[PDB]
Each structure stands twice: as structure tokens, then as C-alpha cells.
Amino acid sequence: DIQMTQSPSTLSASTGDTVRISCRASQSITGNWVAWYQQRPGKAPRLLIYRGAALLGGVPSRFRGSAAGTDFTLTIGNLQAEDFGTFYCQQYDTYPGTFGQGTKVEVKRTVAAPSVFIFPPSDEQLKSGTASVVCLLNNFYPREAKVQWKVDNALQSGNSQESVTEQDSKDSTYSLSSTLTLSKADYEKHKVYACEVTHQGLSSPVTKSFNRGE
Amino acid sequence: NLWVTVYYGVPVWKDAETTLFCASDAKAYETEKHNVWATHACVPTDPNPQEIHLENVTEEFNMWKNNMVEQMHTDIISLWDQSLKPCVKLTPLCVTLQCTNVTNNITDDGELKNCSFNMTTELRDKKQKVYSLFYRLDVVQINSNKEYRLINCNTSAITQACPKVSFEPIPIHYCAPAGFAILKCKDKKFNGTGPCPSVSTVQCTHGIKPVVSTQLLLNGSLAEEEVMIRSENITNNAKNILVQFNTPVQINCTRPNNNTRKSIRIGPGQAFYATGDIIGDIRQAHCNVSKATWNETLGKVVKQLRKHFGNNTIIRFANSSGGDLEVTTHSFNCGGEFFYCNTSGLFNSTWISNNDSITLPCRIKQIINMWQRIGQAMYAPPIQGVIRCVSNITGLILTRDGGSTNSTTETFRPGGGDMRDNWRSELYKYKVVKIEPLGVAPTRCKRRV
Amino acid sequence: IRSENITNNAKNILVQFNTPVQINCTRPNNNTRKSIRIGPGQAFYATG
Amino acid sequence: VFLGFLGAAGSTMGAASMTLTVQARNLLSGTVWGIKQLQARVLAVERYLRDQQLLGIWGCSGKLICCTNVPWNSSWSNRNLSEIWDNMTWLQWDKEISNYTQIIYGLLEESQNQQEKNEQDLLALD
Amino acid sequence: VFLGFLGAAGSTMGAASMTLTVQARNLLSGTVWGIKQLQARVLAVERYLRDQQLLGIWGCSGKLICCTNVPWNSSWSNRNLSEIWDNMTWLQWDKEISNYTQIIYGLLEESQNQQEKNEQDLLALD
Amino acid sequence: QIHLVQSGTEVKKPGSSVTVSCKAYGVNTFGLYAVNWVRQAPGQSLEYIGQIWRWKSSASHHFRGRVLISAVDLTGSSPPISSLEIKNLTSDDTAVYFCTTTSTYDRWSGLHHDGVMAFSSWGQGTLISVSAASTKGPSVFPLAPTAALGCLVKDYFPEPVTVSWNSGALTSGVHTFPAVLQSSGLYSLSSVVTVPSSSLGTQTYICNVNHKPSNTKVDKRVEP
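Protein chains in written order, with the entry's author numbering: chain N, 1 to 30, 30A, 31 to 213; chain E, 33 to 141, 152 to 185, 187 to 309, 312 to 321, 321A, 322 to 398, 411 to 505; chain D, 272 to 309, 312 to 321; chain B, 518 to 547, 569 to 664; chain A, 518 to 547, 569 to 664; chain M, 1 to 35, 35A, 36 to 52, 54 to 77, 77A to 77D, 78 to 82, 82A to 82C, 83 to 100, 100A to 100L, 101 to 126, 135 to 213.
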């Protein structure tokens, strides 16, 4: 199997811009048997370019591909609103046909520090037998943000799950939800529970925490 | 390290199209008679029609997009006028006609008229008073005794194909030039689309009579094994569907009337061949078909439809819908004359799952606009006496009905009328390509310094 | 200014503009076309 | 063997290089509706002299075989000698070559006969 | 380099002997008033086969370059080697040589291929 | 024009099997078009499963022997369609499944390369969800508190849940996060709202969670 490593995973651009998505292959594909697809969320992908630089009937002239050895590049000059979405590169030189990791194409916006809140478990949850602590990161740009849970000044991993919103047309920002879950009995094995957010928009890591009852 | 190396005359071909050329052999060329139908300048056929088979070649065949048909479609029309242009122009024949119901003893509820009209002679001053007998389809009345006039007078300039030139279909072999070739798809069960398993190349087709006919195909090629069902797209009722027999079917077509040809002088050099009075019994045209092999034909056919449609279902036959007489009826030239026949009782049937013959009425029409092109008509001179032609039915054209009731019954009737379907009958196995004898492939070879 | 020979008055002289000139040509009458049948296949388009 | 016209098609190229003089020989083969048989053979001599012109202006000048000082680039259909001649036919291979034929051909005309036939007068002018 | 068709024309011949594969490749280029587009391409194949005819029956048999055993007579517009190729162009030079070209050409057809191709059967009759 | 319509959504348990239909309207025949089945895992890339070209079925070596891909030419009633059947399901097969239609008529098309081809026409897709859990209504808890509050909708199956605030009264600043699939094989999400803290005691905030699969509806008050 051929392995397609796409790059970059995420890029930001604005209308009219010239944008470049690169896709490198494990072997060299001389016959240029590589395709390009656009997938807006939920709706099925649309075939954009085949055999390297072949334009599918009806695809705008703004889309153009270049194939050189192992590296491939899809180029979008004059980026439009309808163009935003996620892009994938596909090879079909060898069986089976394989796709790339994908490239998100988001809109541009000034870097925004995230509004951080911490939510302790509801008292209704405690008598249910499980305890969930939620950390909210709202209106953050860019979407690259890491969060960790610190109890007793000690790391906690493997029991935290994340969820991220999708692009807002009005603000062009994202929000994220980090849900830490653990047993009722473990919950009262310590006093302090902390959510720490590392983000570019913050000068130094901002930590928001709570002691039990406070 | 590989290089590039050129090889001339490699077995690389690409698909393209160009102008082809006819082969009438030499035997129907001797028919002569001052350009009998087609054959005049036609190239002779190969005495040994070499058929070379190619191996490991998977070629995708399409008879419906095949370009060889449109050529054959146009040539027959051009060659048609190429006869009529030296022939006699009947444009002066548009005249008020005093006609009568033909002489018979009652028992009707005519169609033949004793038509007296004032005409002209070779001497431009003196004129002519003549009578002739015409079929009802070539004239129309105008509003004492009723007066009539020809049907084409308000449409297209009428000519008459001179009696030397005939209409008789002559087998034609279409051929390709150098750098190109023709491919014959020989696999027995072949629907005409998709890839063709059996691919063989020839420089000329088989004998193809450019039969000018509707609703039925005569004298052509026969299928093999099961009767083959070919359609471009069967989900569309509008697209015509073509069939090919493994068993030829006999038909005897006759004009039983014994005609007289009155040649009247419109010249100098011009003249018009009219119809004289029938000699003896008044009969009407007709053609006979065996009912036994017919019933078995529909049984062998209905078993083939149940592969493509249902394992067990209902199949009904009904007569046609509507259109021009050239569609609603069966058109063809029987020896000099163009017959138009009522096809009804053939298709009176309803089939589900598990000794005599038939007969059909027919009509003859002389003025013919065939291929509908306006501004120019043609008149077919009458042929003296009883006409008889025997034909062998090799093919069919049909259409389908519509939604009606869900998974209930499908009905079929005649169809076509575009002569491009007539040429698809013999061209289903054919298509054209072009050679790319130059090729570049790598090897360790390199030229000098 | 282009001419084969300018000393001959008879030879025509041709000019070429650097500036195109506008003109609006009209037939203001509202015509009727009477198609009369001289056929078959012939016919004549008259003025109404 | 005599497989006729195009008979060595679906065989691979290393065995299918034997009908070269067969298909090279059958390439040339030497009032209205007489026009139908006159226009058709005009493209035969044009298709022939195009092949003879390209064969002349490439560094070969001789029929049915050639070699080149032009390298087989690794941007061009990278296959081994069995994977070119012995595994792939002429349609299968020329299918893969169908992109980069002109990038071959400019090197055929220009790096050979504008170079090495220029070298013939320079090495022969003594 | 490629200045196009006839691109190095008004340059001298020594700098202008490089458009040869340009003009050689661009020489062939692949009912009434259909005849207007018909007669156009007729003269090109006759001109081209005339060039391959006389090129073949000259002692050269190869494209774009040739050398001869025919001496340049001193009565044939006597110029030095810079004054031929590097001082005078193809039109300027062919102006000077155009009187004597057939005097060259009979020696090209006849003193070479009726002589040196005739000597080949003598040298190879063994 | 070509439109590929595939079957409706299906939820199924592990160890079971499932076949998805793919109506191919506009295609003249599967002899001039090939059908490729491609899978897209949740929020990840796509994967080739198999195809059917020249009436020859195919498997990925990864999916060798586990899957069957069949197709039939058009009935007189209906256009030709392909079917994708999968056996011995695992939670790792939960994904969206795509139908592909690609013209095979031209050998030089560049869309295809000896069976391995790109994908020219696509269908809507069929969501196949594999989990051992059964239908269950959600337990809704409050995320109590410019300040922000929310509702935590946890332990529900299957998707989806709709969250509205004050019966639709509060829409600005509402972020309903997408569902995450818990280790328990159950779904859970939270919906948060940003509002001015001066109005926390003035106005009351209630989120309205509805789940049609379990036919359950709860309105949870987010008291500070």
C-alpha cells in the first residue's frame, strides 16, 4: 500500500488569496495517478483533479495541480468562500487506492485568547455514582489548544475527552469542551481540581481550578 | 538506466473516424440499367474478404454512437437526388385533376381515380388532354364533380426518378483506407454496448443491402444462438430497441393488379410515365407470412425477454400509436414500387409465462418525400403488371410504453422511421480506429555520439 | 496616407483612422413581409 | 510468424516487436460519389510522410528500430526491463507513456540532430 | 535556442544554421468553396517530396547537414570562411550563389551518387 | 445527469451483518462505469474497501473475505445499482459508507489505471453505527455558573439529541458541542451559553433536551 502524507494539516486563508496544499508519497508515482477532492462537512466529496493536473468537467479554472516526483501540490489562486472546507489527496498507482490525512482550510481571524471556565460535577451526579468535571474553552483562535487536568499538582491522563465546535460565520472562532470523568469514590480522594490551558493567545498558561464546595 | 527508444509500426492504435467507401461487389454492378439504385461508381468487393483475428485485445464497442451510420444515412439521400437530377422533373404535374371513383360494382363501405386533366406536350404551344389512374395518397381534393390536386403541390418541388434507375437495394460493403481499419465483433451473445470479447479486423464489411424500409428489416444479417436483444439504454422507453434473428422469416409481397404504364411526352427530352387501367381482376396489394413459425418465433422471443425482464411476467403486443404513414405502416420498395402495409394482426397477442398462415393489407404510394426533406419530392413511376418480391426478415425495431401500473404488464408496438436505425442492423459489430505506429518505450539502448 | 502613386489623380488613395467614428444607420419604416407562394418549393417575400 | 495486420497486439512488446515490418508495410498500401473513394487515401500518404518525417528528424533515419542518447528519466513510467517489454503490451505501455511523449520528443529532435548532426560537419570539416 | 520559424533569418549563416530542424519540421504541418481549402495543402507534399527526392539523390541521404567531395570553384563568388558563414546571411549569400547553384547540383547528383554509390557495389561485390 | 442514491441509515449490533443499497440513476450501465465502495471513519480520512469493475468483485486485503460487493444492471423499472454487504461487525467499522461511479469507457481517461481508479461520482452516504448498547434516554445535569453556564447531556444512545434554551428564547452565544462516544459505548455532549452575570439572578435559564429514539424529553433548570 502507498502512504500519502498530506501537508499542512490545517491552513488559514482569506478570499482572493493564493493557497498551496502539498501531498508527499512514500514511493515515487511516475504515472501521476493522484487525485484531489474537496469535502465540505456532512456532504459527499467532489472530484476536483485527476491524473495530477487533469480538470474534471465543470471544475473551476482556479483549481490547478502540479506533480513532480514524489511531491504533489494542489493550488487555489483567488480563494472563494464556496472553496473553504477540507481537502484530501488520493493515489491510485498501486492497489489499493489510498487517501491522505487531510487538510482543513479555515478562514483567517486575529488570534483570540480563549475564555476559560471550569464546571464542577453537579450534586445530582454524585448520588448517581459517577462524577464529571468539564473545562470550557470558548472563542479561541487558532484551534490549536492543549488542556490537562491537575489534581494534587499531579497529571491525570487517559480519562479526559475533548469536543470542538465548527467554524462560526460571524466570529470565525472555535470553542472546545474537555470532559474529565471518573468514579464517585475517586472524586473525594483529593481536594483540588484544576484545568490548565496552554494557548498562543495567552502570555503564560492560564489555570482555572476549584476546591470542593467552593 | 533507461532511455527512450522509438519503434515504427508498433501495434498501437487509437480510436478515430473518417470517410469510408462502398463495395457493391461486381455482380449487382452488372445490373446497370443506367444506375440501378446505388451502384454506379462503387468500388468492387474483395474476392477473399480477409478477416484477421487479434488476440489479447479487449475493445469496447458501441453501435449507437457508431459514426458509420450517419455516413450511410447521408449517402443514400445524396445518391437518391443524384438519380432524380438527370431524371424527369414533375413540377408541371401540379394541376387541377377531374377524377372519378374507379370502376367497380359497389360493395365498398375506390382509392383509385380515373383522372382527366389538361396537360402540355413537347410542342410548347399545343397542349394535352390525358387520363391516368392514381392512388388516393398522392392527391387531395379542393373545394358538378369534385376536383383534385396533388399532395406535394403546396410543399416541395416534385421530380420523378427515371425508369432506368431502379430502387433495388444492392449489397454494399463499407471499407476503410490505410492507417485505419474496421473491427468486427463476432461474439455470439452481444448486446452491442460495453466491451466486445471477440475482436477481429477487416478492411470491408459484409454485403449490406441499403434497404430503404420501415418497421421491418429484410435481407440482412442473422444473429446466432439465442435471438439477441440490443438497446443503447433499456430504461428509457424513448430509445429504440433492435433485435436480430437466428432464424430468417419468409414473406411474399405482391401487387396483384396488372398495371399499364402510359408514357406521355412533356419534352423535348422530358416525359412522364403514368398509370394505365388495370387489366382484368381488381385486387389489392398484400404479403403473406407463416403463422406457425410466427407463433414459435414469439415463444422463442418471450423466453429471451424473461432473462432481462422478470423470470415470469406478462407480455402484450398491440398495434402502433400514430405518426406519418411512413412510420405507422411498413414502407419499402418492391421492385419499382413503394408499398405501405397495415400491420395489426401480427401484434394481436397477450403472453404470460408457460395449420395456416397470415396475410396483411398493403397500399402503394408513388410521390414520396422520404427522409422528409422539404423543397424536393420524388415520384416513383409505376411498374407494368403484377409486382412480386420475396423478402427474408432479419431484424426488428421496437419501443416501449410507460409507467402505467407498477410491475404489471409491458406493451410493445412498431417504431423507428429514422433510417439510421436501419443501418445499425448490419453495423452493430463494426467501428473504426486509427494507427499510431510510432511509440516510445524505455530500455537500456542508446544511440551513438 | 497610403497611395500607390499620388501623382496620378486616377489612382485611388486610401486612408486609415487612428480614431474610430460612430454612425447610427436606421430604416425607420416598420415593414411587413408578404410571403407569396410561387412554388412548389419556390416563394417570394414581398413588402407589405 | 504471420499474424496479419495488428495480430501481435495483446502480446507483450518484447515478443510483439516482430510485426513491425508487417504493420509498416500495411500503413501505406501503395460528378458525386466518386468523391467518396478519393478523399480517403489522401490521409494515407500524409500519415506515412509524418512518420517518415519524425523518423528522419529524430536521431534514427532508419526504419523499425532506433536507440537514443536521450536518458529515460525517472519522472517517466519507472519500470524494470521485464516490467516494460515483458509485462506490458504496446497499448498498456503507450497508455502509461501518453503524458511524457513530447518531453521525450523534444530531446529526440533537439538534443540529437541539432547536436550530433551538427557535430558531423564539425568533425568532418577537415 | 528557438526564435520561431525563420527566426535567425537576418543573422549570418554561421549563427543561423540552428533553425534547420525548426523550418524542416514546420514545412509539412501535419461542391464549391470546399476546393478553396483543398488546393492549399497540395503543394506542400510535392515541395517536401521534391526536397527528399533531391536530398536522396544528392550524396547525403541525411537531414539538415551534408558535406561534399565537390570542390568549390574559385569562380563561384569567392569569399573567405568568415565572409561566407559569419558575415553574410542566407538571403545575402543565396543572392551571390543563386547563379551557380545548378552548376553545383549536377556535381552533387552525378559526381557523387552516380560515382561513389556506383563504387560501393565494386567495393562490396565480394 | 448521474445521481447515486443509497439506502437509509441503519443501526446494528456487533457480530451482525448489513447490506447497503446504492441506486445509480443516470448511469447507462456498469459495463461502462465501475462502482467503488469507500469508507470514512468518524472525523478521519477515507478508506478503500472494494469495487466492482468488468463485473469483477474486489476486496481490500484488509477487508479480504469479510465483505461482499454485488451489483446488477438496470431493471426495466429501475437503474442499475450496487450493494455493499459487511459481516462480523465491530465498533471499529462504525463509519460512513460511500458509493462511487466512474466512467470506464476510455482506456486513456486517466481516471482509471488497470482497476485502480479515482472516483468521479458519489452518493449521499449511509451511516452505519456499530454498538452493543440499546436505546436509552439521556440523563441531563446542570453546568452551573460576563459568565457562562451550560447543560451536560450524558449517557444517551443512539444519536442525535437536540438542545434548545428557554424553549428557543436564548439563541445568541449558544454552543452545543458535538457528541463524543464514551468508553461505555454511550454518547454524551454539553451545551454552553455566555450571558451577562448581572442577569443571572434576574432571568431564569432552562435547557430543553429531546431524544426521539427513546421518545424522552426533559427540561433542566440551570440554577446558579
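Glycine included, each C-beta is placed from N, C-alpha and C at the ideal position.
query: According to DSSP, what are the bridge partners of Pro238/E?
result: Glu92/E
- prompt: Where does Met4/N sit, in a helix, a strand or coil, going by DSSP?
  reply: strand
task: Please classify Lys155/E: is it buried, with 16 or more other beta-carbons within 10 angstroms of its beta-carbon, or exposed?
output: buried
- prompt: In chain order, what residues of the same chain lie with their CB nearer than 8 Å to the CB of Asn188/E, ignoring the 5 residues before and after it?
  reply: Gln130, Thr132
query: What separation, rounded to the nearest whole angstrom, lies between the Cα atoms of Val182/M and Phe139/N?
result: 15 Å
message: Just to make sure I have the definition right: I need the residues of chain M whose C-beta is within less than 7 Å of the C-beta of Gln89/N. Which are they?
response: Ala100K
message: Please report whether the beta-carbon of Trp610/B lies at a distance below 8 Å from any beta-carbon of chain N.
response: no
- prompt: Are the beta-carbon atoms of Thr278/E and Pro202/M separated by less than 8 Å?
  reply: no
Where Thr627/B sits in the DSSP three-state scheme: strand
task: Express the C-alpha separation of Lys103/N and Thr74/N in angstroms, rounding to a whole number.
output: 14 Å
message: My output table needs one value for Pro124/E: the three-state DSSP class, helix, strand or coil.
response: helix
- prompt: Tell me which same chain residues have a C-beta within less than 6 Å of the C-beta of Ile396/E, skipping the five on either side of it?
  reply: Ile358
query: In three-state terms, what does DSSP make of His249/E?
result: coil
message: Check this for me: beta carbons of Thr197/N and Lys149/N, under 8 Å apart or not?
response: no
- request: Could you name the residues of chain B that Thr538/A contacts, counting a contact when the two beta carbons are closer than 8 Å?
  value: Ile595, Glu647, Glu648, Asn651, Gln652
Proximity test, Cβ basis, 8 Å: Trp154/M and chain B: no
task: Run down chain B in chain order and give the residues with a C-beta less than 8 Å from the C-beta of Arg100/M.
output: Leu629, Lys633
query: Is there a Cβ from chain B that is less than 8 Å from the Cβ of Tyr384/E?
result: no
- prompt: Can you list the residues of chain M that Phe353/E reaches, using a CB-CB cut of under 7 Å?
  reply: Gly76
- request: Pick helix, strand or coil for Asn656/B, following the three-state DSSP scheme.
  value: helix
message: Going by DSSP, what residue range makes up the alpha helix (DSSP H) through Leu645/B?
response: 639-646
- request: If I'm right that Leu141/M touches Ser188/M with Cβ under 8 Å, what's the distance once you round it to whole angstroms?
  value: Actually they do not touch by this definition, with Cβ atoms about 22 Å apart.
message: Would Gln147/N and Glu213/N be called neighbours here (beta carbons separated by less than 8 Å)?
response: no
query: Does the beta-carbon distance from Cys247/E to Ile225/E come in below 8 Å?
result: yes
- request: Quickly, what does DSSP pair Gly495/E with across the bridge? List them, please.
  value: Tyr39/E
- request: Using DSSP bridges, identify the partner residues of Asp208/M.
  value: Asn197/M
- request: Go to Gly343/E, then tell me how far its alpha helix (DSSP H) extends in each direction, as first and last residue.
  value: 335-352
field: Rounded separation between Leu537/B and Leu629/B - CA only
entry: 15 Å
query: In terms of DSSP beta bridges, what is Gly139/M paired with?
result: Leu124/M, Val181/M
message: For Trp35/N and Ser65/N, what's the separation of their Cα atoms in angstroms?
response: 11 Å
- prompt: What residues are listed by DSSP as bridge partners for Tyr586/B?
  reply: According to DSSP, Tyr586/B bridges with nothing at all.
task: Using a Cβ cut-off of 8 Å (strictly closer), state whether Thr236/E contacts chain M.
output: yes
message: Please classify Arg542/B as buried or exposed, where buried requires at least 16 neighbouring CB atoms within 10 angstroms.
response: exposed
message: With distance defined between alpha-carbon atoms, name the residue in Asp208/M, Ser21/M, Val72/M, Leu82C/M nearest to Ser156/M.
response: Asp208/M
query: Looking at the structure shown, is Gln183/E part of a helix, part of a strand, or coil, going by DSSP?
result: strand
message: For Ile2/N and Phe71/N, what's the separation of their Cα atoms in angstroms?
response: 14 Å
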